[PDB]
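As they sit in the full assembly, here are the leading chains:
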Amino acid sequence: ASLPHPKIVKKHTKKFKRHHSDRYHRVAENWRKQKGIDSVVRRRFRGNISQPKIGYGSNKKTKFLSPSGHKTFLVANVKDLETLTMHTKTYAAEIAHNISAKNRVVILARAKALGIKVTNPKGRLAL
Amino acid sequence: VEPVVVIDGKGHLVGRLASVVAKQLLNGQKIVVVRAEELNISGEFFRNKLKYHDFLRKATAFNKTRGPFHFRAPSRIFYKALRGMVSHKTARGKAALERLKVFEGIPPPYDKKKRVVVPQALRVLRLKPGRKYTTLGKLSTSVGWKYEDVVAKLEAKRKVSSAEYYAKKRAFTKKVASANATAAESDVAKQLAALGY
Amino acid sequence: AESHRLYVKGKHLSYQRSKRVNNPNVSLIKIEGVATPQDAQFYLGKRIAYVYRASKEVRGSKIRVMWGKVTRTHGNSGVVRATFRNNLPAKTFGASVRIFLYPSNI
């Protein structure tokens, strides 16, 4: 139900984990670029971790497309879900994390009505 | 090719028989060598002794235990030269080295199996005639390998009962020939030779 | 009969490698009896399967297969380069492989 798109090519599925966030607990994976003077990572010696740079950049044509081929859009209520009415083949809806259980079934409904894909159509579903 | 290759040690050059045996194990071909005590090494005896007393002196200083292990058995001196030609601290190399057996003499079952030879390792095709060379267990025996004469006695035992089988074989391959001769000239025979057989 | 074999026996040697750097995307095969690059021109494009066994059942079998194809001759003694749908595990250096007779040009 998506638009046609080329094969979605990633170029790096591995996450970039900041040098040594495996070593010290105090070092958070959250990527950081070493400025040190001796750092084998900055100097790019063989066998060290790869660094983020512009060439890894996803293709413009498949950029932002989830696996299903829809650019995902955040929806807190029907009015937001309704901005997607004409784009059913472009965007899918994601229901926001805080929307009340009762207001989800409302949206889930209106969306099935409009043919708008919803990505997280389970959250807070009594079953 | 074969699920096991028994090589005959006698009269091959240690270096080259090693190099060939190695790659086979790194390539997955189980190999067992026999009669290593009859291996040859280029250069005369006395040089290869000093060459062994040079290995002999190297030992880890504070504990002569954890230092280089100097093996005096002909099968070992050969296993050495192999081991050095494998990457033997890798898992891949533990694999290799486990495919290979080495022995003095030709012990059981190997003795009832045909054994091959490595042409590129043969001393007779490889040395130029008149270059001196050493015989392993003679070297090994000077560096302390105790069992040379137990090998000798047991090989002099084997080769007798080997000749007795080869006798019986020969006589029977003669019967074979004589029936196969009366098979020549027949309808089959000339048909067969027509096709290469 | 006894013999049912439809392929030539072949061995998995290395990855393609320089001295210190390998390349799992490409493997090096020894093919039974193929002695020369000439000889190995016969086998290019011919399709390899590596057969291994498992403990779990999957599509109805405890046997599994990785498929590949000879790409090009490798050096002077008849080694040949192949490339596999998913690369070979390199536990498999010294392992048996199967080079089937097809695509046939005979």
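Great, that's in hand. Numbers count the residues shown, from 1 in each chain, chains lettered A, B, ... in the order given.

Need the nearest residue in space to the closest residue to chain C within chain B, chain neighbours excluded.
Of all residues in chain B, residue B:28 sits closest to chain C, with a separation of 3.5 Å (C-beta to the nearest C-beta). Where you see a C-beta, it was placed from the backbone N, CA and C, and this is true even at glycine. The shortest distance from residue B:28 to any non-neighbouring residue, by C-beta to C-beta, 6 or more residues apart in numbering or on different chains, is to residue C:94 (3.5 Å).

Show me what from chain C comes close to chain B.
Listed as neighbours of chain B in chain C under the rule C-beta under 8 Å from any C-beta of the partner chain: C:11, C:13, C:30, C:32, C:93, C:94, C:95, C:96.

So which of these are in strands?
C:11, C:13, C:30, C:96 (DSSP state E).

Now rank the residues you listed by neighbours and give me the top one.
Neighbour tally across these (other C-beta atoms under 10 Å in any protein chain shown): the maximum, 21 neighbours, falls on residue C:13.

wait, doesn't it sit right on residue C:28?
Yes - the pair residue C:13 and residue C:28 qualifies as a contact (C-beta atoms under 8 Å) at a distance of 4.2 Å.

which residues do those two both contact?
Residues within reach of residue C:13 and of residue C:28 at once, by C-beta atoms under 8 Å, 6 or more residues apart in numbering or on different chains, are residue C:79.

all strands for the chain, in order.
I went with chain A, as the question did not name one. Counting by DSSP E, chain A has strands at residues A:71-75, A:91-95.

sorry, should have said chain C
Using DSSP E, strands in chain C cover C:7-17, C:22-31, C:47-53, C:63-74, C:79-84, C:96-100.

then chain D, please:
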Amino acid sequence: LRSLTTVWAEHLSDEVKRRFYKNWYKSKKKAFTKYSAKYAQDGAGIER
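Okay, chain D now, added to the rest:
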């Protein structure tokens, strides 16, 4: 050098028997009872 068999006499002394046992007073003293049965016949197993 390698030992390829042993042969033991029929009757073993209760001193030697005591050597195969860590606690002799508790044992059933079974040592070499079945071995002694090798003598019931002409002892062709022994002689072998």
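
Can you name the residue of chain D nearest to chain B?
Closest point on chain D to chain B, by C-beta to the nearest C-beta, is residue D:1, at 9.4 Å.

That residue belongs to a strand?
No - counting by DSSP: H, G, I helix; E, B strand; the rest coil, residue D:1 is not found in a strand; it is coil.

Give the burial count for residue A:90, as a bare number.
Neighbours of residue A:90 using other C-beta under 10 Å come to 14.

Show me what counts as buried in stretch A:9-17.
Neighbour counts using 16 or more other C-beta atoms under 10 Å in any protein chain shown place residue A:16 of stretch A:9-17 among the buried residues.

hmm, that stretch touching chain C?
No - Stretch A:9-17 does not reach chain C (C-beta under 8 Å from any C-beta); its nearest approach is 15.5 Å.

Quick check: end-to-end length of that stretch?
21 Å (C-alpha to C-alpha, to the nearest Å).

now do stretch A:94-105
First-to-last residue span, stretch A:94-105, C-alpha to C-alpha: 13 Å.

How far does it sit from its chain's centre?
19 Å (C-alpha atoms, centre = their mean, to the nearest Å).

before we move on, back to that, quick one: neighbours of the residue of chain D closest to chain B, just the number.
Using other C-beta under 10 Å, residue D:1 is surrounded by 3 other residues.

Likewise for residue B:26?
Residue B:26: 21 surrounding residues under other C-beta under 10 Å.

Next, it: phi, psi?
phi -60, psi -20 (degrees, to the nearest 10).

Name the residue of chain C that lies nearest to chain B.
Closest point on chain C to chain B, by C-beta to the nearest C-beta, is residue C:94, at 3.5 Å.

go ahead and place chain E:
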Amino acid sequence: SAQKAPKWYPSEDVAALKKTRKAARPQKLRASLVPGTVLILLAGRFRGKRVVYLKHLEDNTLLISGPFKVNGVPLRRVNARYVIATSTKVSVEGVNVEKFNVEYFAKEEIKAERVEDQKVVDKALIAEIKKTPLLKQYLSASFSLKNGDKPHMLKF
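Time to bring in chain E:
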């Protein structure tokens, strides 16, 4: 709203393809492939089977028969690349062959028609097989590489 909204949206209209230029041209099979040549089946259910080539088909496959009365292969489709063409031959000039086409094999056990079709084509072939002795028995036996067969050396 919990997410703002795009100022622009891409067009959901789907464009047509540029008019491709590739023509469907006849596939020429190799010189080994001539009707009445014996085939070795390399793969598939009947792999190892020795078979008789009949007609080059419209879908590029190869019509062959065992013949069935001998080795059990019926009239069947087979793919060129998956087969070794042997040098030994039998005359197909006695075999109808033209009934058979792509639709004769449409997928939609055995119908009365094919049963009869087979016995037909087979009688014609079993005739020319009897002409040359040992060839019935060679067409029944299966092909296997013995230790020492080197297909790159091997004449067929």
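
Could you re-examine the neighbour count of residue A:90 with chain E now present?
Neighbourhood size, residue A:90 [other C-beta under 10 Å]: 19.

From residue A:67, how far out is it?
15 Å (C-beta to C-beta, to the nearest Å).

hang on, residue B:115 packs against residue B:12?
No - assessed by C-beta under 8 Å, residue B:115 is found out of contact with residue B:12, at 11.7 Å.

quick one, which of the two is more surrounded?
Ranked by neighbour count (other C-beta under 10 Å), residue B:115 and residue B:12 place residue B:12 first, with 30 against 17.

At the geometric centre of chain D, which residue sits there?
The residue lying closest to the centre of chain D (C-alpha atoms, centre = their mean) is residue D:32, at 3.1 Å.

Excluding sequence neighbours, find me the nearest residue to it.
According to C-beta to C-beta, 6+ apart, the nearest residue to residue D:32 is residue D:12 (5.1 Å).

I'd say that neighbour and residue D:31 touch.
Yes - if you go by C-beta under 8 Å, residue D:12 and residue D:31 touch, sitting 7.2 Å apart.

which residues sit against the strand or helix carrying residue B:139?
If you go by DSSP states H and E, residue B:139 is part of helix B:136-142. Outside helix B:136-142, the residues within contact range by C-beta under 8 Å, 6+ apart are B:9, B:14, B:36-41, B:45, B:48-49, B:52, B:72-74, B:77-78, B:104, B:145, B:148, B:151.

In strands, which of those fall?
B:40, B:41.

What subset of the contacts of helix B:136-142 is buried?
With burial judged by 16+ other C-beta under 10 Å, the buried subset of these is B:9, B:14, B:36-41, B:48-49, B:52, B:72-74, B:77-78, B:104, B:145, B:148, B:151.
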